[PDB]
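Convert by adding 20 to the 1-based position in the sequence shown; the result is the number in the authors' numbering. Right, one structure below, let's go through it.
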Amino acid sequence: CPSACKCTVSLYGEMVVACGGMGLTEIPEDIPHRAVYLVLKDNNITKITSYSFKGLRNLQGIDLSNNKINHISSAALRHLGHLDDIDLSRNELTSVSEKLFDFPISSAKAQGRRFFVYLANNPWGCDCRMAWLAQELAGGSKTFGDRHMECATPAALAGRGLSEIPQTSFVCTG
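Structure, rendered in structure tokens:
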């Protein structure tokens, strides 16, 4: 168990790794392979990389709410086939890639279960890189929650809900 965390096994035999509110600037090393719930809420994390969850393929819940995350590698979740919930709410993300969620979505579908992504309260940049999520939300996706999903930029779209903006308003210049 990492020194900044508490690792406890539940009555159901599931290991919770609780590292909330510890001032962490990075994901801790040596989280045990048996980790099922990883709580990293209320820290100072800025980046999720391709290797942030290396060796943590049993994770069912990841709580990264209320950090300072401004980028997540599109490869970060590519081996997380048991993920039920990921919380990236209250961070500094301006975009997320569609490819980021492919594996947990596919795995959840194959396993007959729900995989939920909670992205509330990020400063979304509503250019052509976020049209995909805008449209999934507009369509009624069961994967991506639509609470507090609003554009920070560009100026014309500031304050508008992603799911209420037409596709042709999501524009990229050079």
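Yeah, the Cβ is synthetic: ideal placement off N, Cα and C, and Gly gets one too.
Starting from residue i, trace the beta strand (DSSP E) both ways and give me its first and last residue.
i: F136; result: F136 to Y138
i: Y57; result: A55 to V59
i: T28; result: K26 to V29
i: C171; result: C171 to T173
i: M35; result: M35 to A38
Locate the alpha helix (DSSP H) running through residue i, then write down its first and last residues.
i: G81; result: It is not in any alpha helix (DSSP H) - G81 instead sits in the beta strand (DSSP E) that spans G81 to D83.
Run through the DSSP bridge pairs and tell me what residue i is partnered with.
i: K162; result: BP columns for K162 are empty, so no partner.
i: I68; result: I92
i: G181; result: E170
Between the options, which lies nearest to residue i when the distance is taken from Cα to Cα?
i: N63; options: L100, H91 and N111; result: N111
i: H102; options: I92, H91, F121 and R77; result: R77
i: residue 4; options: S23, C171 and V116; result: A question about residue 4 goes unanswered here, because the residues of the chain that appear run from 21 up to 194.
i: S94; options: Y138, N87, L153 and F121; result: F121
i: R133; options: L139, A140 and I125; result: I125
i: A96; options: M42, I82, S189 and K88; result: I82
Please return the same chain residues whose Cβ sits closer than 7 angstroms to the Cβ of residue i, not counting the five positions on each side in sequence.
i: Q187; result: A151 and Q155
i: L79; result: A55, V56, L58, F73, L100, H102 and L103
i: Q131; result: none
i: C25; result: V37, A38, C39 and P48
Keeping to the same chain, check which residues put their C-beta closer than 6 angstroms to that of residue i; ignore five residues upstream and five downstream.
i: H53; result: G75
What residues in its chain sit with their C-beta under 8 angstroms from that of residue i, if we drop five residues either side in the sequence?
i: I185; result: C146, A154, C171 and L177
Does the CB of residue i have a neighbour CB from chain D at under 8 angstroms?
i: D104; result: Among the chains in the structure shown there is no chain D, since it carries only a single protein chain.
Complete alpha helix (DSSP H) runs within the region 73-159 (minimum length 4 residues, chain order): 122-130 and 151-159
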